[PDB]
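Report on the structure given below.
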DNA sequence: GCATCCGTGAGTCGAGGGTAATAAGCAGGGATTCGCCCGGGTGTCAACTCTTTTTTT
DNA sequence: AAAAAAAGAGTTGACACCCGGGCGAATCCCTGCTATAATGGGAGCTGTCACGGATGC
Ligand SMILES: [Mg+2]
Ligand SMILES: [Zn+2]
Ligand SMILES: [Zn+2]
């Protein structure tokens, strides 16, 4: 229900956005979504909508998740 | 995990280590009870048990222990999966030579010890006798006495100091006695200081094979294998079909025959049979061995029952079951469906209709998970029972689960990347998949009988990845060129053209309307016509602020579709003044997408589609018999031409008369009636009342450009010209008739001939297009944008094409989308219009186009000198999106797809010309370039050819007296690219190839950007020769990375000696993958025989860097998402190493 | 340095469903395999004795 | 305010039986031996090019 125009404007890579939204959805699966309401939306769409009004430099947690074994 | 796949020769010790037991009896199964045999091909003791956790003979079938072994039976209890990973070996009484290293194109065994291939075949067939270890007696080594008299009568020189052997043992002893170091040292000295006329061609190959056998660690004696391993009993199954009749694979026959021949030879050796019978047995055994591997080199082995030839291991991996398209690359996929497609105007652009039957089956696990989480069901088994009976409550769960899950839809002939586009499924009745009228143009598929497949992404990352990367709303621009693909095809464009037309004679003209609502109310009452001269109030917002709504004089048809245009400068009611042609409406969607965002473009395309359909269904677009009219002057023109052609026949040379009478009388008459009917149709009739009655249907259809054309209307209403016979020439008989009137059988026969010729031509040329597309994707599959900036200052000059006094392509459109190499200066006025290195936007584009300017140096992918891959500072602006290309996007694959897309519609040029140009073969005998300067000297003294003219300081078209300079085009048409690259620079050859390809593609009317051609040309040139013997005595071609890495290492070892520099070498796209580094990418497209045998002796290790290797291994492709994930993993490893450094 | 001869290629998704032919003979001795039956370890039941939580006194 | 028992445990003999291991018996597979004279074999293309390479004097 939301275009990828603002998402590409926030992050011009167009490839890191997919991984960022996937990590945001995996985090919103349990105890999250305190920034934007659901509004009858699923996890990926709500994550993409929240990315338009959220910090884009949140890949630190994604990098630290696979930092060690 | 695993990396760095390595392939080399397998020694007998390794084969024995792999095998578990030796097979001795060719017994598959028992006839009374179907069970494995003791030593047969299907053995439980050798290939594990058949049942899972159940040994044979009913002793340890409890399945509680897995480490025990049945004493009486002799097989351990293990899962059935172990039967597929266990191999067996067969012992051979006599050595046998490998068929791959013997009958291959380059004789690998013949390359060793300088032995001809004709002599090796005689020794293997036991025909002649070879001599080795010669003494002081005659018959020196390598004598190869042919007749038996030389082996017995000529052997009267003592029973010692003379050894002679025959068969595979001779080759084995020769390979075991040969040395590598001494031969390499002898060939190294002989290579240096030699005339190098013909001996070099063999010495180079011998030195290469010797150095490969040295460093690889494979002895030369492994060619003659002694033990042959057997495939496990799972790839050659013996499953019993329905009815009790078994069905086994054809591989069991070869193994059974080999085992039988080996047992027969073993029994012969024990019985002490004569040499004549034992020799034939060894010959038959060797034939069975080297036929079990290939079965094509030697005589064909056909079974007595079946009439088809058996499929050996080599033929099983070439085209049918190999990794080409059967198992590795192309495989079946579940969670998919297929059904016919239909058109739906109510659906949105990102929504597609999906039948309830297909959706209920594809989303079964999702429905199960929803029923589990919703609480309406309990056990999973119970849930499986609820959907089987099709309860009415399951429909509500299906609509809730299918809310945002995108499904992938693709047509059968996936030519370009636009063929696969994701949509949002919506439940609908029926069994036909609904579709959008605008999206059907992208798939390139009519709605007559075509069917589309549907896929479902299961993973959450893949589901979310297709929404923002593969959605239909995002794919609005074609990847080949910046042209919108959502233009109205047939009906919307026709309706918009009908609404854009304005007629001076109409009722209710001259009134002023403030709002469109007043216009609609007046049209409802009928006081005002649909289109007529009217002055209304409309807002434009040209100064980017607020407008006073200045009055505009346009018809009610105008400003009704203009209201859908978004509010933005540079666009407004001024752009709708045109007639709204198909090209005009296509250009209109480009400017709205260029100026405004993507949402406005898609919403405008959605709004304009409904208006066009609503307007077309209200007017009388019905085509009738009175719509098509024949010109009244044609009846006189044809009779005048017939009367004029009569005098030419009585005069007559017959060839000249028949040629001049048909190309002048009928050619001029065919064009006269055409323009006559065109003028009669374009004329606007005036009704008695004073208003235009109506416009012709076919004329409007031809002018709008939706379906009608000029040639079609001419053949429908004109004279049809003259038909062509299958020979090639035009028939002299005049076919003066059209489809409206009757046609006799004689004139229809020629039309049938032409139609059948065209149909036969279009059926074969499409296969060549597919072959070229498959060949181009394999050569440019390694081109991936990895770096952002390269720092290169070089570039290639770009000029516009011009034919006489007119230009074909503007300089702004050609240079647009590429980063400027150097700061362009305005000609005449000393002003810098563009910086040194900046992105050429549309503003800079039309600024450079306004002021006249010559060619400008622009960076390109061919001039880049970065690391492996391609940087984003040389590719330029992306074609799919307005913004520049992102890092990780695959450029080679998209370039190959864009080059192969316009195929199947081509044709001295066309599809075969393009295929020959891309391969860079020999076009024809052409004059070699002089490559001299100043004074030119004579050539050869009539030695059947002119080699070269030296000036130290056949049909000839250049005089020896005139001076000659380097680059002079002294050559017929279609020059050779090899000498062109040898004499001139690589940039000249690249520009020539780009010009030729662009001309061949523009002669048919298909626009294609030169970026893809430049990328393909760069992928072509990747190897450089060697002229200096410093650190590398070879002269053969080598990859471009080795000298860049070897020269830096050679200079670091010792600056003394001499450097190494050599000009690059060109090669076709086919051979570009022949000598590639990774053998897996080469074995997929090329022949698997020459690729495997060549890479086997060298022992090349694949690093899994290319895209083809990751697809075969089943890993993430190093492009886009895969590239970003690999970069993240690399940075995480770096951070972990930094953290571990401080901790010690 | 040229003339003659032997390998590779041919798009892609869909339908359609199973098949088919020759035919020596008998005597010696062992290895294999199917029927019955005793049998010892596994189940399925009559039927004799401590504990205790109350429910009754 | 007191004081003993249907269950709950715990066994103790008492069958019912169910594949296992032998005893048989009935029957499969192998191998060799037959004495007038037998004395070199049957398909298969051949209605695509074109390239790209491997032998020869
Ligand atoms: Mg169709
Ligand atoms: Zn067993
Ligand atoms: Zn570059």
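Taking all C-alpha pairs of the stretch B:561-658, those more than 22 Å from each other amount to 58 percent. When all alpha carbon pairs of the stretch B:266-311 are counted in 10 Å bins from zero, the resulting P(r) reads 25, 38, 28, 10 %.
Can you show me the helix-derived [θ] at 222 nm for chain B, built from DSSP H runs with n ≥ 4 at -39,500 (n - 2.57) apiece and divided by the number of residues, rounded to the nearest 500.
The helix contribution divided over chain B gives -11500 deg cm²/dmol.
Using just the alpha carbons, could you tell me how many Å³ per residue the convex hull of the stretch B:900-986 encloses?
126
Distance from the Cα centroid of the stretch B:202-249 to that of the stretch B:431-508 is 52 Å (rounded to whole angstrom). Its alpha carbons give the stretch B:810-923 an Rg and a Dmax of 17.2, 49 Å. Is the shape of the stretch B:1098-1144 best called rounded, prolate or oblate, per the rule: a/c under 1.5 gives rounded, else a/b larger than b/c gives prolate, else oblate, with a ≥ b ≥ c the square roots of the Cα gyration tensor eigenvalues? Cα axes put the stretch B:1098-1144 in the oblate bin.
In the stretch B:422-487, one over the average inverse separation of all distinct C-alpha pairs is 13.9 Å, which is the Kirkwood hydrodynamic radius.
When all alpha carbon pairs of the stretch B:387-537 are counted in 5 Å bins from zero, the resulting P(r) reads 1, 7, 12, 13, 12, 10, 8, 9, 10, 9, 5, 2, 1, 0 %. Summed over all non-identical Cα pairs, the Kirkwood treatment of the stretch B:1018-1068 gives a radius of 11.5 Å. Expressed per residue, the C-alpha convex hull volume of the stretch B:649-717 stands at 111 Å³. Alpha carbon centre of the stretch B:962-1017 versus the stretch B:866-931: separation in Å? Comparing the Cα centres of the stretch B:962-1017 and the stretch B:866-931, I get a distance of 13 Å.
Taking all Cα pairs closer than 8 Å and separated by 6 or more residues, the relative contact order of chain A comes to 40 percent.
The average projected area of the protein assembly as shown, computed from the convex hull of its Cα atoms over all directions, is 73.4 nm². Across all Cα atoms of the stretch B:214-325, the radius of gyration (one decimal) and Dmax (whole number) stand at 17.2, 57 Å.
When the P(r) of the stretch B:508-558 is calculated, the portion above 15 Å amounts to 42% of the C-alpha pairs. Shown is the FRET efficiency for residue B:114 and residue B:659, computed with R0 = 56 Å from the Cβ-Cβ distance and rounded to the nearest 0.05: 0.30. With the cut-off at 1.5 for a/c, could you classify the stretch B:148-277 from its C-alpha gyration tensor as rounded, prolate or oblate? Cα axes put the stretch B:148-277 in the oblate bin.
The Cα atoms of the stretch B:1017-1121 define a convex hull whose projected area, averaged across directions, is 8.5 nm². The Cα-based radius of gyration of the stretch B:613-766, divided by its Kirkwood radius, gives an Rg/Rh of 1.05.
Taking the DSSP beta bridges with both ends in the protein assembly as shown, the antiparallel portion is around 80 percent. Sequence-distant contacts, meaning Cα pairs under 8 Å at least 6 residues apart, place the relative contact order of the stretch B:295-424 at 14 percent. For the pair the stretch A:4-69 / the stretch B:1042-1082, the C-alpha centres are spaced 45 Å from each other.
How much space per residue, in cubic angstrom, does the convex hull of the C-alpha atoms of the stretch B:33-78 take up?
70
In this label model, residue B:924 and residue A:67 are separated by 7.0 nm, measuring between points 7 Å along each Cα→Cβ vector. What the pair-distance distribution of the stretch B:315-407 shows, using all Cα-Cα distances binned every 5 Å from zero, is 2, 10, 18, 16, 13, 11, 10, 9, 7, 4, 1, 0 percent. Over the stretch B:145-187, the ratio between the Cα radius of gyration and 2.2 N^0.38 Å evaluates to 1.57. Restricting the count to DSSP beta bridges whose residues both fall in chain B, what percent are antiparallel, rounded to a multiple of 5? Approximately 80 percent, going by the DSSP bridge assignments. Is the C-alpha gyration tensor of the stretch A:4-66 telling us rounded, prolate or oblate? Criteria: a/c under 1.5 is rounded; beyond that, a/b larger than b/c is prolate, otherwise oblate. Here the stretch A:4-66 falls in the oblate category. A compact globular protein would have a Cα radius of gyration near 2.2 N^0.38 Å; the ratio found for chain B is 1.20.
Reconstructed Cβ throughout: ideal geometry from the backbone, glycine too, with neighbour counts over all protein chains shown. Just so you know, all these numbers are worked out from the coordinates, no wet-lab data involved.
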